[PDB]
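In what follows, a structure is listed as structure tokens, so that the remarks can point back to it.
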4 protein chains.
Amino acid sequence: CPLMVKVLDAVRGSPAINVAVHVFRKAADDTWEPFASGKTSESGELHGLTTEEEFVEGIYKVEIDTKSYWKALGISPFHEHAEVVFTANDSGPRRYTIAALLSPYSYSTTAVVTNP
Amino acid sequence: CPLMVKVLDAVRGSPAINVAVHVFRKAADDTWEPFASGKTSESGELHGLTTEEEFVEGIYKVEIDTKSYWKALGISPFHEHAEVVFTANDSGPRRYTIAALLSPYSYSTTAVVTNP
Amino acid sequence: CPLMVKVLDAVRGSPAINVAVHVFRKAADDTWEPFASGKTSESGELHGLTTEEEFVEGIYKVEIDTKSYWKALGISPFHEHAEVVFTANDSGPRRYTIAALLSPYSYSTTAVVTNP
Amino acid sequence: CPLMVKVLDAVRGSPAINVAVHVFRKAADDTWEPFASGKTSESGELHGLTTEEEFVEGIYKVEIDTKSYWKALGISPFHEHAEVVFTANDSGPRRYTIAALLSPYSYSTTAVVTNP
């Protein structure tokens, strides 16, 4: 799994479940092309977005739909989404975990990058 | 000053100085229009971006050029930039501070929304 | 003012007001001696803790009563308090700001160390 | 495993390996009694600290030896350690993950608490 996303809820001390995630890849015309999407599981994790073959070098954007998460719980949060933008695979294939820690008016995001 | 941006460096324990910041407002055609920009000061702060009269309700994006900041320090970073996307809401008087705390492979952002 | 403490609330997007803060200095017998204390202001800040003359090199602990803060808001928290432990080092002129960003089940703390 | 500790390095975008962790439990005389200890693995995780039987209700302190981690890499960091203090098991047995995200002048800590 070369790309995994993990989301935690800092209010509840729990995984953030059923969070929508959209991944985009910058195209030759400098527009964001849809690449993959999915929803976090009961563990707060989203696996199976892509494959080593498909996950070529490029500039990627991981959009985490934080507003929809908080609104579904009755909280009116500050941000629309959390966006994570990065170059991937430019020194060869790596495995990326993009983690996010959510609060209604704050979030954190960390990348853990390993060479398989 | 309804909108201020503050950037901190978690590696050095210091304000993040001379960081480029760009603000965009979403236009009716769903594109991001340049709105304001500047560079953080010696205190890590960027004031003077906008006025009460100009800062109307709408969806804004604050882009913080993190990659350039790390490169100037000789440090290899993960993200292309940090992006903060939010709706400005009139609800009695409100000042917005968008704070960011930067590490090479992680950042946090918090909105501090106050009434003078 | 060589030592300032600043506390932010990531749930409400606000300064954390009226938070008790206690500072201790490690004594020769390896016990924590009360040093300074106070409550954060309407801006989330606590100034006036110490002076240049009193704040000598040594190991300090800043204890932030987070649990009481959450309880006053009717919110159930995880931590008993947040603790920040560090050595103060004379190395030319230095001011220390200990910042904390609070959520019920998570906190961050950052040291911003500057020269006037 | 009712208590697990996970540490990440925000500079490198990697698990924090070989980080020493000491756990204490508050005793009847209000002193911190040693409870368990260990070092993070190559995954940044520390498993096997305790058992359901031994991990009774109480106030626990998890001390993460962050200074020794950074110094072993040639970085002179700000904090002595990161301390996480919390009541555990007071509504019955839970599983606790204490995560920490480290930078030289900043850290974050989150608890994920699940009911088995």
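How things are named: the first chain in the structure tokens is A, the next is B, and so on; residues count from 1 in each chain; ligands count from 1 in the order shown.
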
Interface residues on chain D facing chain A, 10 Å, only C-alpha atoms, written as a count of residues only: 18

List the neighbours of stretch 86-92 of chain A out to 10 Å using only C-alpha atoms; skip same-chain residues closer than 3 positions along the sequence, and give me the result as a ChimeraX atom specification. /A:2-3,25-26,55-62,83,95-96,111,113,115 /B:67,77-82

With chain B held fixed, move chain D onto it by a least-squares fit of all C-alpha atoms in order and give the output as a short mmCIF file (atom, residue, chain, number, x, y, z; two decimals) with C-alpha atoms, in the first residue's frame.
data_model
loop_
_atom_site.label_atom_id
_atom_site.label_comp_id
_atom_site.auth_asym_id
_atom_site.auth_seq_id
_atom_site.Cartn_x
_atom_site.Cartn_y
_atom_site.Cartn_z
CA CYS D 1 -6.26 44.25 11.61
CA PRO D 2 -8.91 41.66 10.91
CA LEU D 3 -6.53 39.04 9.54
CA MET D 4 -3.10 38.27 10.89
CA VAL D 5 -0.81 35.28 10.20
CA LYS D 6 1.87 34.06 12.67
CA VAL D 7 4.45 31.35 11.82
CA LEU D 8 6.85 29.60 14.20
CA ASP D 9 9.76 27.23 13.53
CA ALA D 10 9.64 24.12 15.75
CA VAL D 11 13.22 23.13 14.83
CA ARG D 12 14.83 26.31 15.95
CA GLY D 13 12.37 27.53 18.56
CA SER D 14 12.07 30.84 16.76
CA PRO D 15 9.68 32.87 14.73
CA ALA D 16 9.68 31.79 11.03
CA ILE D 17 10.94 34.96 9.31
CA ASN D 18 10.39 36.01 5.69
CA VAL D 19 7.80 33.33 5.01
CA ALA D 20 5.66 34.14 1.96
CA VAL D 21 1.90 34.07 2.53
CA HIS D 22 -0.80 34.26 -0.19
CA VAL D 23 -4.45 34.79 0.61
CA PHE D 24 -7.25 33.95 -1.83
CA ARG D 25 -11.01 34.44 -1.79
CA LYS D 26 -13.46 32.12 -3.56
CA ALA D 27 -15.18 34.01 -6.38
CA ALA D 28 -18.64 33.69 -7.78
CA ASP D 29 -17.39 31.25 -10.45
CA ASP D 30 -15.89 29.02 -7.77
CA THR D 31 -12.27 29.94 -8.61
CA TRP D 32 -9.72 31.26 -6.12
CA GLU D 33 -9.15 34.93 -6.66
CA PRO D 34 -6.04 36.66 -5.24
CA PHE D 35 -6.93 38.68 -2.18
CA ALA D 36 -3.74 39.72 -0.38
CA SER D 37 -0.15 38.60 0.20
CA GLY D 38 2.92 39.39 2.18
CA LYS D 39 5.90 38.00 4.15
CA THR D 40 6.29 37.32 7.85
CA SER D 41 8.39 39.85 9.80
CA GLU D 42 11.26 39.25 12.24
CA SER D 43 8.52 38.41 14.85
CA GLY D 44 7.06 35.71 12.55
CA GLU D 45 3.98 37.86 12.10
CA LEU D 46 2.27 39.28 9.03
CA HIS D 47 0.05 42.29 9.66
CA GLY D 48 -1.72 44.68 7.29
CA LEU D 49 -3.05 42.11 4.83
CA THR D 50 -6.53 43.62 4.66
CA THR D 51 -9.03 46.04 6.14
CA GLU D 52 -12.38 45.57 7.78
CA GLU D 53 -14.05 47.02 4.64
CA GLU D 54 -12.31 44.77 2.17
CA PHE D 55 -12.54 41.56 4.30
CA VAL D 56 -16.10 40.69 3.46
CA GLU D 57 -17.89 37.36 4.11
CA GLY D 58 -16.54 34.56 2.03
CA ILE D 59 -14.42 31.43 1.81
CA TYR D 60 -10.75 32.24 2.16
CA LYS D 61 -7.56 30.28 1.59
CA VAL D 62 -4.33 31.20 3.35
CA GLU D 63 -1.36 29.54 1.61
CA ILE D 64 1.86 29.54 3.63
CA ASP D 65 4.93 28.86 1.52
CA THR D 66 6.63 26.42 3.83
CA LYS D 67 8.74 24.64 1.17
CA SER D 68 10.53 27.89 0.18
CA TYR D 69 11.21 28.58 3.93
CA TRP D 70 12.86 25.24 4.58
CA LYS D 71 14.79 25.19 1.28
CA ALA D 72 16.23 28.65 2.07
CA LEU D 73 17.66 27.04 5.27
CA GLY D 74 19.16 23.91 3.44
CA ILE D 75 16.37 21.52 4.42
CA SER D 76 14.44 19.53 1.89
CA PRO D 77 10.95 19.38 3.44
CA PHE D 78 7.87 17.16 2.75
CA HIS D 79 5.05 19.58 2.06
CA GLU D 80 4.69 22.05 -0.79
CA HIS D 81 2.81 24.55 1.35
CA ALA D 82 0.40 24.72 4.18
CA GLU D 83 -3.15 25.64 3.12
CA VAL D 84 -5.73 26.94 5.56
CA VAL D 85 -9.31 27.15 4.17
CA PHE D 86 -12.16 28.68 6.10
CA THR D 87 -15.37 30.70 5.97
CA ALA D 88 -14.90 34.18 7.43
CA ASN D 89 -17.29 36.83 8.68
CA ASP D 90 -20.42 34.81 8.21
CA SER D 91 -21.82 35.86 11.61
CA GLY D 92 -20.48 39.42 11.20
CA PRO D 93 -16.95 40.86 11.28
CA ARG D 94 -14.41 38.94 13.36
CA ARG D 95 -10.66 39.20 13.90
CA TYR D 96 -8.72 36.11 12.80
CA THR D 97 -5.25 35.01 13.71
CA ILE D 98 -4.01 32.05 11.66
CA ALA D 99 -1.03 30.51 13.37
CA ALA D 100 1.22 27.80 11.97
CA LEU D 101 3.92 25.76 13.65
CA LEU D 102 6.40 24.29 11.17
CA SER D 103 8.65 21.24 11.09
CA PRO D 104 10.15 19.70 7.96
CA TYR D 105 7.70 16.74 7.86
CA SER D 106 4.86 18.15 9.94
CA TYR D 107 2.90 21.27 10.67
CA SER D 108 0.15 22.49 12.83
CA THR D 109 -2.31 25.30 12.24
CA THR D 110 -4.67 26.98 14.71
CA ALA D 111 -7.17 29.76 14.33
CA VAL D 112 -7.88 32.25 17.11
CA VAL D 113 -11.12 34.10 16.33
CA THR D 114 -12.19 37.13 18.42
CA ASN D 115 -15.17 39.44 18.25
CA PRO D 116 -13.83 43.08 18.42
#

Could you go through chain C and tell me which residues DSSP, when run on the backbone, assigns to alpha helix (DSSP H), listing them as a ChimeraX atom specification? /C:66-72

Could you please take those selected residues and save C-alpha atoms as a compact mmCIF listing (two decimals), in the first residue's frame?
# COMPACT_ATOMS: atom_id res chain seq x y z
CA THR C 66 -5.73 21.84 31.61
CA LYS C 67 -8.16 19.61 33.39
CA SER C 68 -9.80 22.50 35.28
CA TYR C 69 -10.05 24.50 32.10
CA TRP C 70 -12.00 21.72 30.29
CA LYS C 71 -14.20 21.09 33.29
CA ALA C 72 -15.19 24.79 33.39

Taking the DSSP secondary structure from the backbone, can you list the residues of chain B that are strand (DSSP E or B), as a PDB file with N, CA and C atoms, in the first residue's frame?
ATOM      1  N   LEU B   3      -7.573  40.212   9.630  1.00  0.00           N
ATOM      2  CA  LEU B   3      -6.873  38.930   9.253  1.00  0.00           C
ATOM      3  C   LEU B   3      -5.361  39.089   9.466  1.00  0.00           C
ATOM      4  N   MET B   4      -4.814  38.257  10.305  1.00  0.00           N
ATOM      5  CA  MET B   4      -3.381  38.256  10.579  1.00  0.00           C
ATOM      6  C   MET B   4      -2.886  36.803  10.439  1.00  0.00           C
ATOM      7  N   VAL B   5      -1.642  36.628  10.028  1.00  0.00           N
ATOM      8  CA  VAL B   5      -1.043  35.305   9.916  1.00  0.00           C
ATOM      9  C   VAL B   5       0.217  35.270  10.744  1.00  0.00           C
ATOM     10  N   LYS B   6       0.372  34.229  11.535  1.00  0.00           N
ATOM     11  CA  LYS B   6       1.532  34.068  12.399  1.00  0.00           C
ATOM     12  C   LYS B   6       2.175  32.689  12.156  1.00  0.00           C
ATOM     13  N   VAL B   7       3.512  32.639  11.960  1.00  0.00           N
ATOM     14  CA  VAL B   7       4.178  31.376  11.608  1.00  0.00           C
ATOM     15  C   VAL B   7       5.352  31.189  12.571  1.00  0.00           C
ATOM     16  N   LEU B   8       5.416  29.984  13.100  1.00  0.00           N
ATOM     17  CA  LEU B   8       6.443  29.572  14.056  1.00  0.00           C
ATOM     18  C   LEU B   8       7.223  28.344  13.481  1.00  0.00           C
ATOM     19  N   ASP B   9       8.508  28.287  13.850  1.00  0.00           N
ATOM     20  CA  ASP B   9       9.434  27.238  13.463  1.00  0.00           C
ATOM     21  C   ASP B   9       9.719  26.364  14.650  1.00  0.00           C
ATOM     22  N   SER B  14      11.552  29.419  17.039  1.00  0.00           N
ATOM     23  CA  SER B  14      11.687  30.781  16.669  1.00  0.00           C
ATOM     24  C   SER B  14      10.495  31.178  15.799  1.00  0.00           C
ATOM     25  N   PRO B  15      10.265  32.464  15.691  1.00  0.00           N
ATOM     26  CA  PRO B  15       9.371  32.908  14.626  1.00  0.00           C
ATOM     27  C   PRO B  15       9.949  32.459  13.293  1.00  0.00           C
ATOM     28  N   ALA B  20       6.813  33.640   2.682  1.00  0.00           N
ATOM     29  CA  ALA B  20       5.790  34.213   1.743  1.00  0.00           C
ATOM     30  C   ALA B  20       4.412  33.634   2.068  1.00  0.00           C
ATOM     31  N   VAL B  21       3.402  34.484   2.081  1.00  0.00           N
ATOM     32  CA  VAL B  21       2.068  34.115   2.357  1.00  0.00           C
ATOM     33  C   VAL B  21       1.162  34.700   1.297  1.00  0.00           C
ATOM     34  N   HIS B  22       0.297  33.900   0.711  1.00  0.00           N
ATOM     35  CA  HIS B  22      -0.667  34.371  -0.292  1.00  0.00           C
ATOM     36  C   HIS B  22      -2.084  34.054   0.146  1.00  0.00           C
ATOM     37  N   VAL B  23      -2.961  35.021   0.042  1.00  0.00           N
ATOM     38  CA  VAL B  23      -4.365  34.849   0.390  1.00  0.00           C
ATOM     39  C   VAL B  23      -5.200  34.960  -0.879  1.00  0.00           C
ATOM     40  N   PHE B  24      -6.148  34.075  -0.990  1.00  0.00           N
ATOM     41  CA  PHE B  24      -7.065  33.988  -2.115  1.00  0.00           C
ATOM     42  C   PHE B  24      -8.499  33.991  -1.626  1.00  0.00           C
ATOM     43  N   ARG B  25      -9.393  34.514  -2.442  1.00  0.00           N
ATOM     44  CA  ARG B  25     -10.832  34.471  -2.149  1.00  0.00           C
ATOM     45  C   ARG B  25     -11.514  33.723  -3.290  1.00  0.00           C
ATOM     46  N   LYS B  26     -12.436  32.843  -2.963  1.00  0.00           N
ATOM     47  CA  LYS B  26     -13.104  32.073  -3.973  1.00  0.00           C
ATOM     48  C   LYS B  26     -14.083  32.961  -4.698  1.00  0.00           C
ATOM     49  N   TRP B  32      -9.922  30.440  -7.520  1.00  0.00           N
ATOM     50  CA  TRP B  32      -9.267  31.168  -6.434  1.00  0.00           C
ATOM     51  C   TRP B  32      -8.693  32.443  -7.038  1.00  0.00           C
ATOM     52  N   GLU B  33      -9.161  33.602  -6.563  1.00  0.00           N
ATOM     53  CA  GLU B  33      -8.692  34.943  -6.975  1.00  0.00           C
ATOM     54  C   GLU B  33      -7.714  35.463  -5.953  1.00  0.00           C
ATOM     55  N   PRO B  34      -6.536  35.890  -6.425  1.00  0.00           N
ATOM     56  CA  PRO B  34      -5.676  36.621  -5.514  1.00  0.00           C
ATOM     57  C   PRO B  34      -6.381  37.722  -4.742  1.00  0.00           C
ATOM     58  N   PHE B  35      -6.054  37.793  -3.456  1.00  0.00           N
ATOM     59  CA  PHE B  35      -6.686  38.708  -2.511  1.00  0.00           C
ATOM     60  C   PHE B  35      -5.710  39.632  -1.749  1.00  0.00           C
ATOM     61  N   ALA B  36      -4.646  39.034  -1.211  1.00  0.00           N
ATOM     62  CA  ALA B  36      -3.603  39.715  -0.419  1.00  0.00           C
ATOM     63  C   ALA B  36      -2.420  38.878  -0.339  1.00  0.00           C
ATOM     64  N   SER B  37      -1.267  39.472  -0.090  1.00  0.00           N
ATOM     65  CA  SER B  37      -0.063  38.676   0.143  1.00  0.00           C
ATOM     66  C   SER B  37       0.977  39.482   0.865  1.00  0.00           C
ATOM     67  N   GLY B  38       1.994  38.805   1.348  1.00  0.00           N
ATOM     68  CA  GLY B  38       3.093  39.489   2.011  1.00  0.00           C
ATOM     69  C   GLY B  38       4.128  38.449   2.486  1.00  0.00           C
ATOM     70  N   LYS B  39       5.062  38.928   3.275  1.00  0.00           N
ATOM     71  CA  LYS B  39       6.117  38.108   3.874  1.00  0.00           C
ATOM     72  C   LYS B  39       6.076  38.303   5.401  1.00  0.00           C
ATOM     73  N   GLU B  45       5.062  37.403  12.008  1.00  0.00           N
ATOM     74  CA  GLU B  45       3.691  37.878  11.809  1.00  0.00           C
ATOM     75  C   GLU B  45       3.557  38.655  10.485  1.00  0.00           C
ATOM     76  N   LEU B  46       2.357  38.559   9.940  1.00  0.00           N
ATOM     77  CA  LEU B  46       1.988  39.311   8.781  1.00  0.00           C
ATOM     78  C   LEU B  46       0.703  40.017   9.030  1.00  0.00           C
ATOM     79  N   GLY B  58     -17.074  34.988   2.834  1.00  0.00           N
ATOM     80  CA  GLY B  58     -16.664  34.272   1.654  1.00  0.00           C
ATOM     81  C   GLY B  58     -15.719  33.128   2.079  1.00  0.00           C
ATOM     82  N   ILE B  59     -15.251  32.386   1.112  1.00  0.00           N
ATOM     83  CA  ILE B  59     -14.308  31.303   1.351  1.00  0.00           C
ATOM     84  C   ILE B  59     -12.933  31.826   0.970  1.00  0.00           C
ATOM     85  N   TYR B  60     -11.986  31.699   1.914  1.00  0.00           N
ATOM     86  CA  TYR B  60     -10.617  32.144   1.720  1.00  0.00           C
ATOM     87  C   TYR B  60      -9.647  30.965   1.820  1.00  0.00           C
ATOM     88  N   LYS B  61      -8.499  31.155   1.176  1.00  0.00           N
ATOM     89  CA  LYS B  61      -7.382  30.228   1.270  1.00  0.00           C
ATOM     90  C   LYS B  61      -6.135  31.001   1.565  1.00  0.00           C
ATOM     91  N   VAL B  62      -5.446  30.575   2.623  1.00  0.00           N
ATOM     92  CA  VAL B  62      -4.150  31.117   2.996  1.00  0.00           C
ATOM     93  C   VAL B  62      -3.113  30.102   2.637  1.00  0.00           C
ATOM     94  N   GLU B  63      -2.191  30.434   1.729  1.00  0.00           N
ATOM     95  CA  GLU B  63      -1.113  29.550   1.317  1.00  0.00           C
ATOM     96  C   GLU B  63       0.190  30.047   1.901  1.00  0.00           C
ATOM     97  N   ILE B  64       0.865  29.178   2.620  1.00  0.00           N
ATOM     98  CA  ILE B  64       2.103  29.542   3.304  1.00  0.00           C
ATOM     99  C   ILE B  64       3.240  28.796   2.588  1.00  0.00           C
ATOM    100  N   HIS B  79       6.320  19.021   2.444  1.00  0.00           N
ATOM    101  CA  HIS B  79       5.168  19.681   1.782  1.00  0.00           C
ATOM    102  C   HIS B  79       5.582  20.705   0.790  1.00  0.00           C
ATOM    103  N   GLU B  80       4.789  20.849  -0.264  1.00  0.00           N
ATOM    104  CA  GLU B  80       4.995  21.968  -1.189  1.00  0.00           C
ATOM    105  C   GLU B  80       4.688  23.322  -0.540  1.00  0.00           C
ATOM    106  N   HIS B  81       3.631  23.361   0.241  1.00  0.00           N
ATOM    107  CA  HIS B  81       3.197  24.554   0.961  1.00  0.00           C
ATOM    108  C   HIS B  81       2.172  24.083   1.988  1.00  0.00           C
ATOM    109  N   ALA B  82       1.812  24.964   2.905  1.00  0.00           N
ATOM    110  CA  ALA B  82       0.709  24.698   3.804  1.00  0.00           C
ATOM    111  C   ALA B  82      -0.446  25.508   3.367  1.00  0.00           C
ATOM    112  N   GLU B  83      -1.637  24.939   3.352  1.00  0.00           N
ATOM    113  CA  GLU B  83      -2.855  25.593   2.834  1.00  0.00           C
ATOM    114  C   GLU B  83      -3.877  25.599   3.934  1.00  0.00           C
ATOM    115  N   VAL B  84      -4.514  26.734   4.170  1.00  0.00           N
ATOM    116  CA  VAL B  84      -5.555  26.845   5.199  1.00  0.00           C
ATOM    117  C   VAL B  84      -6.795  27.411   4.514  1.00  0.00           C
ATOM    118  N   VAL B  85      -7.903  26.685   4.501  1.00  0.00           N
ATOM    119  CA  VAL B  85      -9.105  27.048   3.740  1.00  0.00           C
ATOM    120  C   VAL B  85     -10.255  27.139   4.697  1.00  0.00           C
ATOM    121  N   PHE B  86     -10.956  28.276   4.704  1.00  0.00           N
ATOM    122  CA  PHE B  86     -11.999  28.522   5.677  1.00  0.00           C
ATOM    123  C   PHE B  86     -13.037  29.505   5.177  1.00  0.00           C
ATOM    124  N   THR B  87     -14.200  29.484   5.798  1.00  0.00           N
ATOM    125  CA  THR B  87     -15.239  30.493   5.523  1.00  0.00           C
ATOM    126  C   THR B  87     -15.148  31.577   6.569  1.00  0.00           C
ATOM    127  N   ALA B  88     -15.153  32.824   6.131  1.00  0.00           N
ATOM    128  CA  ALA B  88     -15.255  33.972   7.027  1.00  0.00           C
ATOM    129  C   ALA B  88     -16.773  34.206   7.214  1.00  0.00           C
ATOM    130  N   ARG B  95     -11.987  39.165  14.583  1.00  0.00           N
ATOM    131  CA  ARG B  95     -10.641  39.216  14.080  1.00  0.00           C
ATOM    132  C   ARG B  95     -10.187  37.757  13.964  1.00  0.00           C
ATOM    133  N   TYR B  96      -9.485  37.472  12.888  1.00  0.00           N
ATOM    134  CA  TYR B  96      -9.001  36.134  12.635  1.00  0.00           C
ATOM    135  C   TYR B  96      -7.487  36.121  12.644  1.00  0.00           C
ATOM    136  N   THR B  97      -6.879  35.261  13.470  1.00  0.00           N
ATOM    137  CA  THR B  97      -5.491  34.990  13.375  1.00  0.00           C
ATOM    138  C   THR B  97      -5.333  33.564  12.880  1.00  0.00           C
ATOM    139  N   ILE B  98      -4.598  33.381  11.821  1.00  0.00           N
ATOM    140  CA  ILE B  98      -4.279  32.041  11.285  1.00  0.00           C
ATOM    141  C   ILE B  98      -2.844  31.816  11.706  1.00  0.00           C
ATOM    142  N   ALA B  99      -2.694  30.870  12.653  1.00  0.00           N
ATOM    143  CA  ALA B  99      -1.398  30.502  13.146  1.00  0.00           C
ATOM    144  C   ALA B  99      -0.938  29.176  12.499  1.00  0.00           C
ATOM    145  N   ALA B 100       0.345  29.048  12.253  1.00  0.00           N
ATOM    146  CA  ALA B 100       0.921  27.785  11.738  1.00  0.00           C
ATOM    147  C   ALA B 100       2.212  27.508  12.480  1.00  0.00           C
ATOM    148  N   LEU B 101       2.394  26.240  12.798  1.00  0.00           N
ATOM    149  CA  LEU B 101       3.581  25.767  13.483  1.00  0.00           C
ATOM    150  C   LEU B 101       4.252  24.769  12.559  1.00  0.00           C
ATOM    151  N   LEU B 102       5.462  25.034  12.101  1.00  0.00           N
ATOM    152  CA  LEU B 102       6.112  24.304  11.019  1.00  0.00           C
ATOM    153  C   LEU B 102       7.242  23.372  11.488  1.00  0.00           C
ATOM    154  N   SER B 103       7.176  22.137  10.991  1.00  0.00           N
ATOM    155  CA  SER B 103       8.326  21.204  11.011  1.00  0.00           C
ATOM    156  C   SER B 103       8.542  20.691   9.581  1.00  0.00           C
ATOM    157  N   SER B 106       5.844  17.940   9.059  1.00  0.00           N
ATOM    158  CA  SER B 106       4.582  18.092   9.782  1.00  0.00           C
ATOM    159  C   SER B 106       4.266  19.592   9.952  1.00  0.00           C
ATOM    160  N   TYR B 107       2.995  19.936   9.959  1.00  0.00           N
ATOM    161  CA  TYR B 107       2.613  21.281  10.416  1.00  0.00           C
ATOM    162  C   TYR B 107       1.269  21.229  11.094  1.00  0.00           C
ATOM    163  N   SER B 108       1.077  22.223  11.972  1.00  0.00           N
ATOM    164  CA  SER B 108      -0.238  22.397  12.572  1.00  0.00           C
ATOM    165  C   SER B 108      -0.700  23.818  12.189  1.00  0.00           C
ATOM    166  N   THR B 109      -1.996  23.969  12.170  1.00  0.00           N
ATOM    167  CA  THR B 109      -2.575  25.301  12.002  1.00  0.00           C
ATOM    168  C   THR B 109      -3.798  25.414  12.895  1.00  0.00           C
ATOM    169  N   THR B 110      -3.912  26.632  13.474  1.00  0.00           N
ATOM    170  CA  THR B 110      -4.989  26.933  14.376  1.00  0.00           C
ATOM    171  C   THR B 110      -5.578  28.299  14.048  1.00  0.00           C
ATOM    172  N   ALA B 111      -6.859  28.406  14.191  1.00  0.00           N
ATOM    173  CA  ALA B 111      -7.527  29.686  13.986  1.00  0.00           C
ATOM    174  C   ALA B 111      -7.895  30.210  15.363  1.00  0.00           C
ATOM    175  N   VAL B 112      -7.475  31.433  15.617  1.00  0.00           N
ATOM    176  CA  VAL B 112      -7.809  32.134  16.876  1.00  0.00           C
ATOM    177  C   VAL B 112      -8.723  33.301  16.433  1.00  0.00           C
ATOM    178  N   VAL B 113      -9.989  33.204  16.833  1.00  0.00           N
ATOM    179  CA  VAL B 113     -11.025  34.106  16.343  1.00  0.00           C
ATOM    180  C   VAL B 113     -11.511  34.847  17.534  1.00  0.00           C
ATOM    181  N   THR B 114     -11.241  36.175  17.573  1.00  0.00           N
ATOM    182  CA  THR B 114     -11.625  37.003  18.722  1.00  0.00           C
ATOM    183  C   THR B 114     -12.430  38.225  18.394  1.00  0.00           C
TER     184      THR B 114
END
